[PDB]
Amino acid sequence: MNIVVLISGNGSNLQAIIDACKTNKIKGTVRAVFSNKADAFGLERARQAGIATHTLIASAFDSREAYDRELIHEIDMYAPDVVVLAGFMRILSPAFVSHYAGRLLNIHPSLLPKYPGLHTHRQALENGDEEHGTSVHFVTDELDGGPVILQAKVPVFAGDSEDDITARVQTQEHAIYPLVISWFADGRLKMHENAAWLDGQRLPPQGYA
């Protein structure tokens, strides 16, 4: 079970994945870590774990197509069974999505379909939401990004700051992302016809419940 993780920053989710592989909770290994930002601390987490790292900077390519062409080329050297987006903040082209159809995962910090874009925590707090959360989903060419596999909700209280909420959501992420990856590694989770199936059961719109 070869895992390739794509990141853009801190890498706390990447770390939770690395940790779960080490305990064998995830019966697999992170073979390589890719980042579109050279200064991402996630690259350091990978280097300290003895994991191969690669960085592709946008300015080194003259088109989004060329960038993804090289990205696919480099990722495939590791023969990934699953490609995991963990804080990767760069849109992946349809060609990339198709190439890894059914084996591309993403984690989005909101209770989809709400706040499908950027600044999710900011929006939750400013709109005074009572609940917030995160969603792990299969990435497809669909307009909504793909079928949700699992969500985690967290309460939002009056005094909470954006950092308070962000950290609270990330704690859930560190738990559900490795869990979802373990379901995939175990062959229990599969994507088919733009739908997520767990243990042969078609999952509802907001994931396993």
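Note that the rigid core is defined as the largest set of C-alphas that superpose within 1.5 Å between two forms. One-based numbering along the sequence shown.
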query	finding
Rigid core superposition result in 5 other deposited structures of this protein, more deviant of 58-66, 40-48 by Cα	58-66
Higher C-alpha RMS shift from the shown form in 5 other deposited structures of this protein - 141-149 or 177-185, rigid core fit	141-149
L118: gap in at least one third of other compared structures	yes
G133 left out of the model in a third or more of other PDB entries	no
Residue range whose averaged C-alpha B-factor is higher in the record, 15-23 or 190-198	190-198
Residue stretch of maximal mean CA temperature factor, 126-134 vs 104-112	126-134
Residue with highest C-alpha B-factor in the PDB entry, from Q151, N36, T166, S59	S59
Largest Cα B-factor, entry values, listed residues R45, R64, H54, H174	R64
Ranked C-alpha temperature factor of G159 among modelled chain residues, by third	highest
Position of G145 among the chain's modelled residues by C-alpha B-factor, lowest, middle or highest third	highest
For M1, the third of its chain into which the C-alpha B factor falls	middle
